[PDB]
Structure formats: structure tokens, C-alpha cells
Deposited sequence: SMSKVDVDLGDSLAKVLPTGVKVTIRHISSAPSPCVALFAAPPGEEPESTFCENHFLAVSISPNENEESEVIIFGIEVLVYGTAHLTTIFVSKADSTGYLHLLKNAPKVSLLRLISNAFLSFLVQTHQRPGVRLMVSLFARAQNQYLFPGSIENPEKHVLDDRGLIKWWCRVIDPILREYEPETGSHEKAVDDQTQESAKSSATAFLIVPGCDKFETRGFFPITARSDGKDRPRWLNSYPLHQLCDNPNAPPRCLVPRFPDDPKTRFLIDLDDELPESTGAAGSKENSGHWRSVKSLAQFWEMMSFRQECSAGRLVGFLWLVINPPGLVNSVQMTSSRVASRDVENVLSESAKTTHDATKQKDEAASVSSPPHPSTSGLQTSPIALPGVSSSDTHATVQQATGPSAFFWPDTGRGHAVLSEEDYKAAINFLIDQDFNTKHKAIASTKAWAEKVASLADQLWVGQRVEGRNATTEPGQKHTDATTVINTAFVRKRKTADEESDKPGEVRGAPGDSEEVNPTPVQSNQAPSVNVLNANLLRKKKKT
């Protein structure tokens, strides 16, 4: 599968953009889930992906300006692939694109990029998850672009609805499901031979009725027996032991408001925890006693109060030979699998060079058209240098006529 070609098929006819997809090779990382007492963490690898999208305000000119950046982290264990969105920002210069149709190009791009990474990181028989948290914030990517009067940002509620609309078409390429802890009918052999999926959304502070307000309108016509959007956390699909302490049941992503909370709660534990032969290693928090209580208390954190909201999204995909009733299995040992490389970027950088590529971009300026155009040329050359290529990326022309 080709990213530029996938993208060309969804972009409106005549829309021309340039893409640079850089990635890093899978390298060992800290587990997404904390280990329960007496066990080691699951062996976990992470692969960084970053897509920069630019336009040329005048064709047949070297002049490019970046309009969008999205970073996606792909985690792998023996039993779970996790595709996590870590960064996504615009610059506000998309308007410089002559004849730019009304559909959110940024939505189409994000959809296509995630779709691409799912197709190329899907392993046979292994559950795959797309995940993100949605909230308005100080995204690293493009400093000064906030001063650009043409950059239009959404608030928390708008971002949550936006991200669900990004996820919805990915979700609906897969078969409906009936329910994990639901009746064991003959929906077992049906949903198993085909790739299936459900989307899960939680917005702490919002009840089951208000939360449905965030769902795409497509959800109105799904049958009661096979909903595609659910207001809950898919615990039994993500965790092998739903009875382990709550600190083990929630994934820990970079810069995530919920991880910030997890870390504060972890600090309520005695420091004797983790130490050899410890008697203070139940892993139980002081102020929060269950997973249910974790989500409730999330709603009182800074990111969820005084008018702020954050939405947490999990798209859980069950490949053929797997239904949503099959509980997650553990790869832990009591106290390296095959990672297909078909969705690598235009440039595969070392961990060090990838960091330098992102940091260089962050160190640039996007306050005005002229400064952003200069920042774009500069970053493009830096990437080329790190990649040992003369020019990185490719140009894409939309083909979608519908």
C-alpha cells in the first residue's frame, strides 16, 4: 500500500498537496500498561510516524508552506497493536490553496493517514487499536501559527466531534459487533470470519445521554443490537485481568491528561512498592479504589472542569479469527515477535534523527505567510539531510470526483 496514492483517492479532484512521511524503526519502549504485583511489564516496541502536508501557493515554484502536521505512535506487544495519535496541528495557511473545496481537507488527510497505518500494521490474529485523546491545547508543532489570524481552532467539544468524524469511516470499513460481555449466540462464527470493529468514547463529566451528542450522525441508524459507537471503556478487550488493580487497567500515553492523573495516584503508593520482597505492593491507590471511580474522579481534574473537556477514544478492531468476546491475553512473565515494515515513511530515521527532525520543526516560525514559507523550505531540507536524500516526499493530486 502507498500513502500518497491512498491520499490521492480521497482528496477532491485538482487538490494538490505535498507530503513528507518520516518514521523511525521499532525500538523498545516502556509498556502502555503498568504490570500487576508480581509480574514483569509486557515487552513493548514503539514506532514513530510523522506526516507533514504542504501546499504550493504558486505552482512551478519551490515555494511550499506546511498546512498540517500529524504524529502517530505505533506500539506493539505480542497481543496488541496500538495506533496512538500524539500530535495534530494546522498552521492556518491552507487558505492559500487556490480552489480549495469545502470538505475538511484536514479531516480527510488524518483519516487517510490513520487508515494507511492500520492497513500496514495489522497483524493476523492480533487485536489492533486506534486511540487518541481530544482537547484544545498548546500543540507543540507550529509555534507562532496561533498568531496567524487565518488559523481557526476548535474548542474541546468541537475537537471531540471532529476526531469521531475522522474515526467513523475507518470504523465502518469493518463489520458490526454484538457485544463483548453479551449473549453468546451464533454471532460468534459470523463475526469471526470477518474483520470487525467498534468505537468507544468516554468524556468524563458527561453522562451517557450528553456523550451521544459527540457521536457521528451515522450512529442514529445503527441497529440497537449492533451499535458502532459505545459510551464506555473496552476493558475486557484491552486487559487480560480485569480484576488487577486499576493502575494496571489504563494505558499510559505521552502528554495524556489521564496519564497525568495516573502518575499522581501512583505517588499515593508507598515507595517500598516495587522494592524487592515488599509487603506494600498491592498496587492499590489511596484515594481511588476502582476503575469506575477513576473515570469519575477524572472529571474533577483540571482538564475536565471549569469548562474544559477531554474525550478519550478507542477504536478496537478485531481481525478475522477474533471476536469482541475473546478476552485479551497476557504476554507477561512472572518475576521479539515479528514487526512487518510495510508502512515506513519516505524516510526511516534513527530515533535520534527523528527527534531532531521534529525539534527542528518546533524551533521554526509560522507567524506570517513569509516566515512559514521559509520555515517549510528549511525543515524540508533538514529532513532531506537527515535522510541522506536530495529531496524527501512526493506530490499528490486528488482524484476523488464524488
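Unmodelled segments of the deposited chain, in sequence order: 1 to 6, 342 to 405, 473 to 544.
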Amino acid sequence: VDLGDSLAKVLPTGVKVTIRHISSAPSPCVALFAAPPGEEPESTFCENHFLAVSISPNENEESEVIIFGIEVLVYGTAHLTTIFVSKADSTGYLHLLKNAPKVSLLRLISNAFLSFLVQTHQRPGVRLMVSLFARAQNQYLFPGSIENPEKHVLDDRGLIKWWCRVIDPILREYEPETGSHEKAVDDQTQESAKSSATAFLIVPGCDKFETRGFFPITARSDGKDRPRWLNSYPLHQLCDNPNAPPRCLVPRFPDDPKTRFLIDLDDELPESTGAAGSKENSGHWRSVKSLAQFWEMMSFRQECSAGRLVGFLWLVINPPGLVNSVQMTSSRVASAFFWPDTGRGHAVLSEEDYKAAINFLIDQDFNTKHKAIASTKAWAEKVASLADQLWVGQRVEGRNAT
From here on, numbers count along this sequence of modelled residues.
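Look at the mean CA B-factor for 91 to 99 and for 252 to 260 in the entry; the higher one is 91 to 99. When the C-alpha B-factors of 157 to 165 and 240 to 248 are averaged, 240 to 248 comes out higher. When the Cα B-factors of 211, 302, 189, 115 are read from the PDB record, 189 comes out highest.
Reading the B-factor column for the CA atoms of 31, 66, 70, 334 in the entry, the top value corresponds to 334. When all modelled residues of the chain are sorted by CA temperature factor, residue 342 is found within the highest third. In the deposited entry, the Cα temperature factor of residue 175 places it in the middle third of its chain's modelled residues.
For residue 312, the recorded CA temperature factor ranks within the lowest third of the chain's modelled residues. When the modelled residues of the chain are ordered by their C-alpha B factor, residue 371 lands in the highest third. In the deposited entry, the Cα temperature factor of residue 83 places it in the lowest third of its chain's modelled residues.
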